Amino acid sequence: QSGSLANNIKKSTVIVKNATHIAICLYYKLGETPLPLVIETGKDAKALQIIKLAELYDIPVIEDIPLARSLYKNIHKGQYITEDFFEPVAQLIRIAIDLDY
């Protein structure tokens, strides 16, 4: 099982956080995920680790406390986002995508 957290963060699209208390890792890939997916979540110690791994792998991290708290409560690890989050998450994905040039 070792390495699953780091591999999930490495392939992530964007992380939205509340300080070092909550981190939500979102993944969206055209043709694979039909909606953005919460691939990992962390509270406290695990949130800090997600944030450190995000730095290591150059994954964009955005602080948005109300959004991070709502996502944490509503969208469990391995679940697709629901309608209330479609537009807030789209805005994060747009800021986050690498255009690769």
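We number the residues from 1 along the sequence you see.
Enquirer: Decide which of the stretches 33-41 and 46-54 has the higher mean C-alpha B-factor, going by the entry.
Expert: Mean C-alpha B-factor is greater for 46-54.
Enquirer: Quick check on the deposited entry: does the C-alpha B-factor of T82 sit in the lowest, middle or highest third of its chain?
Expert: As the PDB entry reports it, the C-alpha B-factor of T82 lands in the lowest third of its chain.
Enquirer: Once the chain's modelled residues are ordered by C-alpha B factor and cut into thirds, is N18 in the lowest, middle or highest one?
Expert: Answer is lowest: the recorded C-alpha B-factor places it there.
Enquirer: Would the CA B-factor of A6 place it in the lowest, middle or highest third of its chain?
Expert: Its C-alpha B-factor belongs to the lowest third of this chain's values.
Enquirer: What third of the chain does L26 rank in for C-alpha temperature factor, lowest, middle or highest?
Expert: As the PDB entry reports it, the C-alpha B-factor of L26 lands in the lowest third of its chain.
Enquirer: Going by the recorded CA B-factors, say which third of the chain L67 sits in, lowest, middle or highest.
Expert: As the PDB entry reports it, the C-alpha B-factor of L67 lands in the middle third of its chain.
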